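There are 4 protein chains.
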Amino acid sequence: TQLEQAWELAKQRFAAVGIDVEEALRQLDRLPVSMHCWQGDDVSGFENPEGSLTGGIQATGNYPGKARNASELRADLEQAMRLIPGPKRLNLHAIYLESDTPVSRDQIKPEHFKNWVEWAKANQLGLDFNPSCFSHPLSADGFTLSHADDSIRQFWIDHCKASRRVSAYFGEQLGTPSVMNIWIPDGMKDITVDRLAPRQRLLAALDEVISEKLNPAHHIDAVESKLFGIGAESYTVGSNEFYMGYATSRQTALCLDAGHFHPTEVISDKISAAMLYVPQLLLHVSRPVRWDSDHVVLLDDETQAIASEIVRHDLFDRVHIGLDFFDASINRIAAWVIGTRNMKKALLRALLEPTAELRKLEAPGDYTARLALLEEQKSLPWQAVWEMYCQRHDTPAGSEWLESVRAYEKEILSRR
Amino acid sequence: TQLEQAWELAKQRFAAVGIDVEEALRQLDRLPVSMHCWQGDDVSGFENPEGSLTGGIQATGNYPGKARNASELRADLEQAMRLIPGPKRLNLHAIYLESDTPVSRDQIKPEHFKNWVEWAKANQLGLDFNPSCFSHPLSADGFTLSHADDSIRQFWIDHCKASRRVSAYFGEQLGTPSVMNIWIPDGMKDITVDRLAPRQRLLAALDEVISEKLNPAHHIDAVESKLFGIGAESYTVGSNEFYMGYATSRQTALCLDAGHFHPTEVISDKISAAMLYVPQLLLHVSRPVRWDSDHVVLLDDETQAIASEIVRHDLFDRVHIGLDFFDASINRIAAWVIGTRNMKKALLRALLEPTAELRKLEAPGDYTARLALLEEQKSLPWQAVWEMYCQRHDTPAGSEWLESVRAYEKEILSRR
Amino acid sequence: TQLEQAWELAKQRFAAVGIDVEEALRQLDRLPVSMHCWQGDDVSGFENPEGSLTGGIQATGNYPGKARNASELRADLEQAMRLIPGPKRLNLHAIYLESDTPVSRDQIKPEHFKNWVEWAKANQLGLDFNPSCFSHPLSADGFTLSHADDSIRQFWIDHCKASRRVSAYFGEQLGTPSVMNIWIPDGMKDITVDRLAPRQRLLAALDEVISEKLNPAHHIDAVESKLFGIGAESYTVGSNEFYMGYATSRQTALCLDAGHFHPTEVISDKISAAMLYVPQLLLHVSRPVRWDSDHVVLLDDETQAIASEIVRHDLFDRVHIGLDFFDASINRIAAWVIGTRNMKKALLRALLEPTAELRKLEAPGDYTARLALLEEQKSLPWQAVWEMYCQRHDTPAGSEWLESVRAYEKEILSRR
Amino acid sequence: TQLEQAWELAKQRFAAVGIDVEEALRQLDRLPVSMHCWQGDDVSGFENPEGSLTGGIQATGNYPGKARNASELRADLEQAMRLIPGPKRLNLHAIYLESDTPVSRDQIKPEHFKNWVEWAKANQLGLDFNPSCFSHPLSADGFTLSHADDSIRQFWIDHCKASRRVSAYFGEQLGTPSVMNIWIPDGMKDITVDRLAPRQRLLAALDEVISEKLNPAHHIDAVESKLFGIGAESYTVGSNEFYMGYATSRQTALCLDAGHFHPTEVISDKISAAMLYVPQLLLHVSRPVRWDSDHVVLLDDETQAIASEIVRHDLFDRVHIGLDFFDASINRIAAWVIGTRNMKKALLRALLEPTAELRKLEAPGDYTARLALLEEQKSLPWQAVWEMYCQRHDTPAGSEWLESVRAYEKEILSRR
Ligand SMILES: C[C@H](O)[C@H](O)[C@@H](O)[C@@H](O)C=O
Ligand SMILES: C[C@H](O)[C@H](O)[C@@H](O)[C@@H](O)C=O
Ligand SMILES: C[C@H](O)[C@H](O)[C@@H](O)[C@@H](O)C=O
Ligand SMILES: C[C@H](O)[C@H](O)[C@@H](O)[C@@H](O)C=O
Ligand SMILES: [Mn+2]
Ligand SMILES: [Mn+2]
Ligand SMILES: [Mn+2]
Ligand SMILES: [Mn+2]
Ligand SMILES: [Zn+2]
Ligand SMILES: [Zn+2]
Ligand SMILES: [Zn+2]
Ligand SMILES: [Zn+2]
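Those protein sequences? They're chains D, A, C and B, same order as listed. 11 is the number of the first residue of the first sequence in PDB author numbering; add one for each residue after it. 11 is the number of the first residue of the second sequence in PDB author numbering; add one for each residue after it. 11 is the number of the first residue of the third sequence in PDB author numbering; add one for each residue after it. 11 is the number of the first residue of the fourth sequence in PDB author numbering; add one for each residue after it.
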């Protein structure tokens, strides 16, 4: 009722500036967010859960209740899912495989992910994938796909090749292509002599990894740059330019992670440049706090900036929105909830923007009006629209979702 | 009525989280925003209006309609003010003096600002002040208060001392202390051999500058650090530590400017630290875009963080909120309008935060709850309260204010 | 003799670590540095010299004696050149053409550069070139090649196409391909609604611009990204990713400018990545001080890192090294001299590095030894080798060159 | 002989510029470097060596041969020391205490460091100290001195109070005041509501901590700011402005750590500013690679700028020079060796600078000459001077020191 009313006023407000709230809602329904599985168990995986997170990535917090297997994970995920409106996907790491016996990374098969697949069907989720190139003895030296050792190198190439197959299976089975992201930790902590060679090896390996042609309808390859990681601060083989080059040249999708750049550097600006040259873009929304810290996505300037770009450019088909963060210092379900909802809220507000009007003002050099209007947009009643969206999707419109979280914690997590 | 309706709903939603919108509105009225006069004529001043803006500060845009004198300036200020709700002050620079004949800077008098004073009275505005230590032949070497030349030095000293008197005069007349900010461009463009001497001169100069005791009820001294300027990139005499030591040791107020720090550096963090050692703070809100660009303040992450800090700590008395930006690329009046409204919006929002609750959660280590709630606060109907605030002050609640600016521009600005 | 002695000692020291100083000297002779002409007259050019430097690029200092025509510029250049050992090139801007009557930018011709060419021949200098897309009426809106106006856009397109021909002309005549760099200021000061369209337009334009096939032996196209400029802080059409994609996909050269990235971002790291995708690199060495301030190049960490990368990779052929800075606050000749020699000193040091050994240690995981060695390199007697370099090229080995500059200043610059 | 010869040449060259190399050598011996003990055992300490390094501080590498006790530590220190020329000191942490039985941190005594002292006596070293406020159950919440719980708070206060007594004990016994630095990890990983209260508590605590007047001839109190740490990214109680204010207000010494600031921020600039307010400076030399990474100090731009400042200002008495870094990815002895020598190399180069002349050029506005000379200074034969310094101190002049380290590694480290 209050919502209802609030909704009506909003409807009218927006109408007056040429904005159709309904349509906005429809459109928001066309923008799924792929939730990252790893937020649930601290990137532990099911290969060897308790066995140090590596790659220059880190888990800070030790809050209790982490999931410890597929089952807990799925349960945790559903809980989160019920408190997040609209479309979602699940982004999986190869270490999240389910097998009675241990599987060599270079040997995974679709079969190791059937449960995930059946579950996804049941939950009306699309699935995404990622070879796991870290937290492994063969990753110990800080090199994987660029490793100078042929054999090591081969093992990683093989794992990647296999991963493409699982991914393709996901798309076959789900009817929506699985975006399979390649991220590797390869780099050097200190002053490096030869930055080239590794880059050369990485180039060759990737080409081999994507050599097998797969159905685009079921599978997409993406490469993700990174500036630096803890323990590999001075050099990253797979740098921004390297992958920009790579994706452009081999026509794979390019993954842009909001926490993987320089200080003050923003992927929102990159979206429009990159799409002129690469087929698709996988966007990893994450909050870096003075480093690639992986904090939870907030409804902030850059998250909003990113949404705007996607929406202004009508990137519904070519962009894949994913979360990329891991905060172990708080409730993990809450983490996914806050994150996802935030992304959606940024999206919605972008959908509520009178872009054409603004675009038109800009074209005319009416900078005064553009700024002004861009700013006014912030005090328009979008919240009302967001809450109607929640309501429609049977999701708590406000802070009440916290009680559910609290409740599940008490009831479940508390026992883990 | 829609407003009224929206207001009522909000009133209720907030109340449900323990927030009283009516009190909020009242509190907002206790937070004036000191608008910088220099935004109206591109820091031209009236001494010698057309005569290059110096000091490492720039004016970009050349948009038409700039004020050309006190009269235009006041008119322009008036338009702006009618479009901005609640309390405001006028922050004046010494070069805005009004004299039939030329006045040496080191000789200005209270009488050179009587009109400004009268006007202020009439408009119920408090006045703040600043000595002008740039765009002057004796500032051309890039040194003023720290100039090795005793005589040049003296001159600036004197100008400063005289400015304290003008400021005190304002306080006396207006019944509200004038905060007199001291900013100098002093620094070097390139690799510097001696960073010490200039700082030594600066320190001594300052002490001299403030040696005359004035009524604290009418006048406050503030000092403003700065990281770098165009043309003085390598070193700034009046650095952050410099003024922090100064203000702490001499007990003056400290001026913190949102555009005068390192990349990713934020004054919002600094507020709670500095208030433990300095009597008062002068806050310069500004948006630096890649440098001390002086862009209009937006309702953004930092402007909000700033507001929150002031409000959380109940800094009503010890904080002086001011704007410090200059964008000549768009309508000047709009520039002021957007920025002032934005500051006020941020403050309002801070006033609507359930801090005590939050504070309590944080103290108990409930970081899940704190984050979640901080975030949910962004989808609370604050805009309705803001709009009511506008209404109550007879100010447009939405974008309509542009029309006004537009019309003033046609009728007025168009003829300049 | 002292030099001789020091040299001999050095010769032996280096020999002992497997380094041949003689060979390094020879190598150094294979690495010209392209001097930027614009440092001589404050990017004034000869179209309309006194007529505001625009493009978000600035000239700070106002030191006296700037060159006022091609004659003075050449004289100044020669003086500089006699103080810089080894190979050099001259990098010209379109606005430095020499014509009795005005020439529309869109109609320049080889013939407008004949004297530069004859001079170059006589001075044994290769020539480089650049279209001048700024400081012009049709660049006044901040857009050139991405301008939405078809005709303006065409104009800049034409001007670039015409510049290619001048460029080829240089390569024909001099027998060394002229690298023709493309840099445009296009961007926005403030928050932008559409970053895509301008990139789209830029993309198409460049394509048209390079459509004419010219002889590689005489001509090379290069594109240069930029992060931001004064008066275009928020967005730059031709971003890093933009050109990275561009160069990669159209196989043009990619220009990496040391002052054009984010804080802490270094192109030295980008060299080995870009060369895997682009056929050539044009490197602009510059010292950005908190902004693309264009300070003189120092023998500093980053200039050395760039040097090392080129040398380590044996990029003698694919890399074009040039200067890109402008300091008008000191003697301009000295500016050139300092920067040029510094780049050469950085090169020589790189050439005196026992790379193989190091490379070898790194590949074995001997990071201890690597770090140790790299650092000890710094206290080896490279100064001696540099000084002998100077001597063999009949150039002052030390600070004495300043006398020369001072002398020219007195005799010539003093009367400008 | 070759050294002697190079030495003589250098001698002459520097004299020609008014620099006396013998005097330099002498002044260099007046500038000890305080080696941090913790690099040798990865901050393990002796309370509970194997028991996770906390505080937002990390140890990356796991290279073998870390010291396991005081004995190992001392032996390792000695090996390092024989490879580092001229004066050094040892900086101790409270966790390196030697006791048969466990000692609550709140009750340590001078007697728990007796061996250290006797060893220092025998090795002619001065000693520095630090309370350890991390890697402890009572520091698990991320708060220590700012902890809201009175008792926890009380424990850390007492620990600091007792550490002061140990420190004074060092001063007494050694005849040189021990500088006792106070660093705590206290901060928040995420968005914080109340930054004020912890600061107020910290303030009050520090005042209590230093309430006991000790003999300045034996002891000095220093406070160390920090910007952020892993797991405490968002807020740090003891910020730059907090400690600048504190040190200025209580007249303690101020610790500036080169890895503890914002990107591009440098302490070299801060020295001259701070010195005007605080009695003494504690300077931590460290290399932050994209974060407070704690990499080994290189002879780099900033290390050199710090040295230059100390020396230019004749800060021999008021500044205490120490190392603050921890790299566990390479041989720990070498880490110390590299960093220490690098710091000494930078100081020596500063000592060889013709400051007065340069100062004099600068004061006259001869910026051309200043830059030119500053830069020419880099090609002067400082290496020979350094190498003589090494020889006079019975230390390897070059890279040969690695063989000693390698040898120790084989004989001793290999068996740990
Ligand atoms: C676990 C995850 O794939 C990882 O974070 C990568 O995506 C990359 O962002 C690393 O910093
Ligand atoms: C004109 C005005 O005082 C000025 O901008 C200062 O406050 C400081 O920001 C200067 O760069
Ligand atoms: C004038 C000169 O070409 C210019 O500097 C561009 O190349 C680019 O560096 C912009 O600053
Ligand atoms: C362990 C050591 O004291 C520590 O490094 C502190 O001094 C501070 O620099 C934190 O990073
Ligand atoms: Mn990440
Ligand atoms: Mn400013
Ligand atoms: Mn530049
Ligand atoms: Mn540190
Ligand atoms: Zn990612
Ligand atoms: Zn300011
Ligand atoms: Zn350039
Ligand atoms: Zn430190």
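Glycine residues also receive a C-beta, built at the ideal position from the N, C-alpha and C atoms.
Partners in chain A for residue i, counting only beta-carbon separations shorter than 8 angstroms
i: residue 258 of chain C; result: What residue 258 of chain C touches in chain A: nothing, since even the nearest Cβ is about 26 angstroms away.
Amino acids of chain D, ordered along the chain, whose beta-carbon sits closer than 7 angstroms to that of residue i
i: residue 270 of chain B; result: Per Cβ cutoff of 7 angstroms: no residues; residue 270 of chain B is ~12 angstroms from chain D at best.
i: residue 391 of chain B; result: Neighbours of residue 391 of chain B on chain D: none; closest Cβ ~25 angstroms, over 7 angstroms.
8 angstroms Cβ cut-off: residues of chain D touching residue i
i: residue 202 of chain B; result: Correct list: empty, because the minimum Cβ distance to chain D is about 12 angstroms.
i: residue 102 of chain C; result: Here the premise fails: no neighbours, minimum Cβ distance about 28 angstroms.
7 angstroms Cβ cut-off: residues of chain C touching residue i
i: residue 299 of chain A; result: 243, 244
Chain-ordered neighbours of residue i on chain C, where CB pairs are closer than 9 angstroms
i: residue 303 of chain B; result: Near residue 303 of chain B there are no residues of chain C at all, since even the closest Cβ is about 13 angstroms away, more than 9 angstroms.
Nearest-angstrom Cβ-Cβ length linking residue i and residue j, presumed shorter than 8 angstroms
i: residue 34 of chain A; j: residue 362 of chain A; result: 5 angstroms
i: residue 89 of chain C; j: residue 399 of chain C; result: Not confirmed; about 20 angstroms, so no contact.
i: residue 141 of chain D; j: residue 122 of chain D; result: Rounded, the Cβ-Cβ distance is 13 angstroms, inconsistent with contact.
9 angstroms Cβ cut-off: residues of chain D touching residue i
i: residue 339 of chain B; result: 199, 200, 241
Closer than 8 angstroms at the beta carbon, the chain C residues around residue i
i: residue 71 of chain A; result: 199, 241
i: residue 79 of chain B; result: By Cβ distance, chain C contributes nothing, its closest Cβ being about 23 angstroms from residue 79 of chain B, past 8 angstroms.
i: residue 75 of chain B; result: Ordered by position in chain C, no residue passes the 8 angstroms Cβ test against residue 75 of chain B, which lies about 11 angstroms from the chain.
Residues that residue i bridges to, as DSSP identifies them
i: residue 98 of chain A; result: A:43
i: residue 234 of chain D; result: D:265
i: residue 297 of chain B; result: B:305
i: residue 139 of chain B; result: B:102, B:190
i: residue 229 of chain D; result: D:188
Within chain B, the residues that residue i reaches when beta carbons sit closer than 8 angstroms
i: residue 68 of chain D; result: 240
i: residue 273 of chain D; result: 273
Under 7 angstroms by beta carbon: chain B residues contacting residue i
i: residue 280 of chain A; result: 251
i: residue 309 of chain C; result: 385, 388
Residues that residue i contacts on chain A, provided the C-beta gap is smaller than 7 angstroms
i: residue 209 of chain B; result: 282, 283, 286
(message) Check whether the region 179-196 of chain C and the region 273-288 of chain C are in contact - that is, three or more C-beta pairs closer than 8 angstroms.
(response) no
(request) Mind the definition here: the region 80-91 of chain D touches the region 160-179 of chain D only if three or more C-beta pairs lie below 8 angstroms; say whether that holds. (result) Contact fails between the region 80-91 of chain D and the region 160-179 of chain D, because fewer than three Cβ pairs, one in each stretch, are under 8 angstroms apart.
(request) Inspect the CB distances between the region 230-250 of chain D and the region 104-117 of chain D and report whether three or more fall short of 8 angstroms. (result) no
(request) Give a yes or no on contact between the region 331-341 of chain D and the region 370-385 of chain D, applying the rule of three or more CB pairs nearer than 8 angstroms. (result) no
(request) Could you name the residues whose beta carbon sits closer than 5 angstroms to any heavy atom belonging to ligand 2, keeping them in chain order? (result) A:67, A:193, A:334
(message) With three or more C-beta pairs closer than 8 angstroms as the rule, is the region 40-51 of chain B touching the region 347-362 of chain B?
(response) yes
(message) Residues around ligand 5, please: the condition is that the C-beta lies closer than 5 angstroms to some non-hydrogen atom of it.
(response) D:269, D:302
(request) Decide if the region 406-415 of chain C is in contact with the region 354-369 of chain C; the criterion is three or more beta carbon pairs, one per stretch, under 8 angstroms apart. (result) no
(request) For the region 14-27 of chain A and the region 301-311 of chain A, state whether three or more C-beta atom pairs, one from each stretch, are separated by less than 8 angstroms. (result) no
(request) Specify whether the region 313-329 of chain B and the region 54-70 of chain B touch according to this definition: at least 3 beta carbon pairs, one from each stretch, less than 8 angstroms apart. (result) no
(request) Please confirm if the region 195-205 of chain C is in contact with the region 240-249 of chain C, defined as three or more CB-CB distances below 8 angstroms between the two stretches. (result) Touching, per the Cβ criterion.
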